[PDB]
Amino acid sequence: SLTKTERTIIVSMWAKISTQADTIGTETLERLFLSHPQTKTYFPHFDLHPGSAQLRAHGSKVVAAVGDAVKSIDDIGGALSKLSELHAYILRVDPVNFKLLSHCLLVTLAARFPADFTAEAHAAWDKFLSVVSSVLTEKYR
(Lines of atoms letter the chains of each structure in order from A and count residues from 1; the text may use other names and numbers.)
(Lines give C-alpha, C1' and ligand atoms only; values in the text may rest on other atoms or scores of the structure.)
Protein backbone atom coordinates (compact mmCIF):
# COMPACT_ATOMS: atom_id res chain seq x y z
CA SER A 1 0.00 0.00 0.00
CA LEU A 2 2.29 2.74 -1.29
CA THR A 3 0.85 6.03 -2.52
CA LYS A 4 2.25 7.57 -5.69
CA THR A 5 4.24 10.06 -3.60
CA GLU A 6 5.70 7.38 -1.32
CA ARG A 7 6.66 5.43 -4.45
CA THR A 8 8.51 8.41 -5.97
CA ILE A 9 10.30 8.97 -2.66
CA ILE A 10 11.54 5.39 -2.85
CA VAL A 11 12.65 5.75 -6.46
CA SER A 12 14.32 9.11 -5.78
CA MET A 13 16.10 7.88 -2.67
CA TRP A 14 17.12 4.71 -4.50
CA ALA A 15 18.96 6.67 -7.19
CA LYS A 16 21.21 8.07 -4.48
CA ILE A 17 21.54 4.76 -2.62
CA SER A 18 22.70 2.92 -5.75
CA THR A 19 25.77 5.15 -6.04
CA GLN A 20 26.90 4.23 -2.53
CA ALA A 21 25.38 0.73 -2.54
CA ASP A 22 28.51 -1.11 -1.39
CA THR A 23 29.21 1.19 1.56
CA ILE A 24 25.54 1.46 2.56
CA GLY A 25 25.31 -2.31 2.52
CA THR A 26 28.41 -2.83 4.64
CA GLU A 27 27.46 -0.16 7.18
CA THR A 28 23.95 -1.59 7.53
CA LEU A 29 25.31 -5.05 8.32
CA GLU A 30 27.92 -3.68 10.76
CA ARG A 31 25.16 -1.85 12.64
CA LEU A 32 23.03 -4.99 12.66
CA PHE A 33 25.72 -7.35 13.95
CA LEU A 34 27.00 -4.91 16.59
CA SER A 35 23.60 -3.74 17.86
CA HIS A 36 21.91 -7.14 17.58
CA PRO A 37 24.61 -9.84 18.15
CA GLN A 38 21.98 -12.57 17.89
CA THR A 39 22.05 -12.04 14.10
CA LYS A 40 25.69 -13.14 13.84
CA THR A 41 24.72 -16.81 14.32
CA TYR A 42 23.34 -16.90 10.78
CA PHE A 43 26.83 -16.29 9.40
CA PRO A 44 29.06 -18.74 11.32
CA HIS A 45 31.06 -19.30 8.12
CA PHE A 46 31.62 -15.56 7.71
CA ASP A 47 34.52 -13.29 8.57
CA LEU A 48 32.54 -10.65 10.44
CA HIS A 49 35.53 -8.51 11.41
CA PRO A 50 35.81 -4.87 10.21
CA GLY A 51 36.57 -4.39 6.53
CA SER A 52 35.88 -8.09 5.96
CA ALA A 53 35.71 -9.07 2.29
CA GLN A 54 32.87 -11.56 2.78
CA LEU A 55 30.77 -9.05 4.68
CA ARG A 56 31.49 -6.40 2.05
CA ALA A 57 30.65 -8.74 -0.82
CA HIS A 58 27.50 -9.81 1.03
CA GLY A 59 26.40 -6.29 1.92
CA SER A 60 26.53 -5.48 -1.78
CA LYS A 61 24.17 -8.35 -2.64
CA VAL A 62 21.67 -7.22 0.00
CA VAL A 63 21.41 -3.64 -1.28
CA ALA A 64 21.26 -4.96 -4.84
CA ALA A 65 18.29 -7.04 -3.69
CA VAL A 66 16.62 -3.98 -2.21
CA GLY A 67 17.22 -2.42 -5.62
CA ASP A 68 15.36 -5.21 -7.40
CA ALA A 69 12.47 -4.57 -5.02
CA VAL A 70 12.58 -0.93 -6.11
CA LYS A 71 12.59 -1.86 -9.80
CA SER A 72 9.67 -4.24 -9.16
CA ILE A 73 7.93 -2.09 -6.55
CA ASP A 74 4.61 -3.21 -8.06
CA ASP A 75 5.34 -6.90 -7.49
CA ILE A 76 7.97 -7.24 -4.80
CA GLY A 77 6.71 -10.75 -4.16
CA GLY A 78 7.59 -11.90 -7.65
CA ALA A 79 10.98 -10.17 -7.63
CA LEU A 80 12.10 -11.56 -4.28
CA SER A 81 10.54 -15.02 -4.74
CA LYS A 82 13.89 -16.87 -4.85
CA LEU A 83 15.08 -15.01 -1.75
CA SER A 84 11.98 -15.69 0.38
CA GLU A 85 12.38 -19.41 -0.25
CA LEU A 86 16.09 -19.22 0.66
CA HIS A 87 15.53 -17.27 3.89
CA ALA A 88 12.62 -19.44 5.05
CA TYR A 89 13.35 -22.98 3.86
CA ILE A 90 17.13 -22.95 3.95
CA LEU A 91 18.21 -20.21 6.36
CA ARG A 92 15.06 -20.29 8.49
CA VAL A 93 15.74 -16.71 9.68
CA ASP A 94 13.58 -15.55 12.62
CA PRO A 95 11.06 -12.94 11.28
CA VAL A 96 12.02 -10.51 14.03
CA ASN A 97 15.45 -10.13 12.41
CA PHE A 98 14.08 -8.53 9.22
CA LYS A 99 12.66 -5.72 11.32
CA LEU A 100 16.10 -5.33 12.92
CA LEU A 101 17.87 -5.13 9.55
CA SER A 102 15.22 -2.67 8.31
CA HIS A 103 15.80 -0.43 11.33
CA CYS A 104 19.57 -0.51 10.74
CA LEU A 105 19.13 0.39 7.08
CA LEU A 106 16.88 3.30 8.06
CA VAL A 107 19.60 4.49 10.45
CA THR A 108 22.22 4.28 7.69
CA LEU A 109 19.92 6.25 5.35
CA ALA A 110 19.08 8.97 7.86
CA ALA A 111 22.77 9.45 8.65
CA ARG A 112 23.83 9.38 4.99
CA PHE A 113 21.06 11.45 3.36
CA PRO A 114 19.86 13.78 6.15
CA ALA A 115 18.33 16.27 3.73
CA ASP A 116 16.29 13.56 1.97
CA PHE A 117 15.34 11.62 5.11
CA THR A 118 12.28 13.61 6.15
CA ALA A 119 9.42 12.19 8.21
CA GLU A 120 7.50 11.38 5.00
CA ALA A 121 10.53 9.75 3.41
CA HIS A 122 10.97 7.77 6.63
CA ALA A 123 7.33 6.63 6.63
CA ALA A 124 7.61 5.69 2.97
CA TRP A 125 10.78 3.66 3.50
CA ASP A 126 9.51 1.95 6.65
CA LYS A 127 6.39 0.92 4.74
CA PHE A 128 8.49 -0.26 1.79
CA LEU A 129 10.88 -2.26 3.99
CA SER A 130 7.88 -3.75 5.81
CA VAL A 131 6.63 -5.14 2.49
CA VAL A 132 10.11 -6.44 1.62
CA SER A 133 10.35 -8.12 5.04
CA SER A 134 6.81 -9.54 4.75
CA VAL A 135 7.64 -11.06 1.36
CA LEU A 136 10.86 -12.59 2.69
CA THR A 137 9.03 -14.31 5.55
CA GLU A 138 5.87 -15.24 3.63
CA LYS A 139 7.00 -18.89 3.50
CA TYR A 140 6.26 -19.19 7.26
CA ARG A 141 2.63 -18.30 6.59
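All residue numbers refer to positions in the sequence shown, first residue = 1.
Once the C-alpha B-factors are averaged per stretch, 40-48 and 60-68 rank with 40-48 first.
Checked against the record, the higher mean CA B factor of 51-59 and 75-83 lies with 51-59.
In the PDB entry, residue 3 places in the highest third of its chain by CA B-factor. For residue 98, the recorded CA B-factor ranks within the lowest third of the chain. Only modelled residues enter the ranking. Among all modelled residues in this chain, the alpha-carbon of residue 133 has a temperature factor (C-alpha) in the lowest third. Per-chain ranking of the deposited C-alpha B factor places residue 112 in the highest third. Among the modelled residues of its chain, residue 11 has a C-alpha B-factor that falls in the middle third according to the deposited record.
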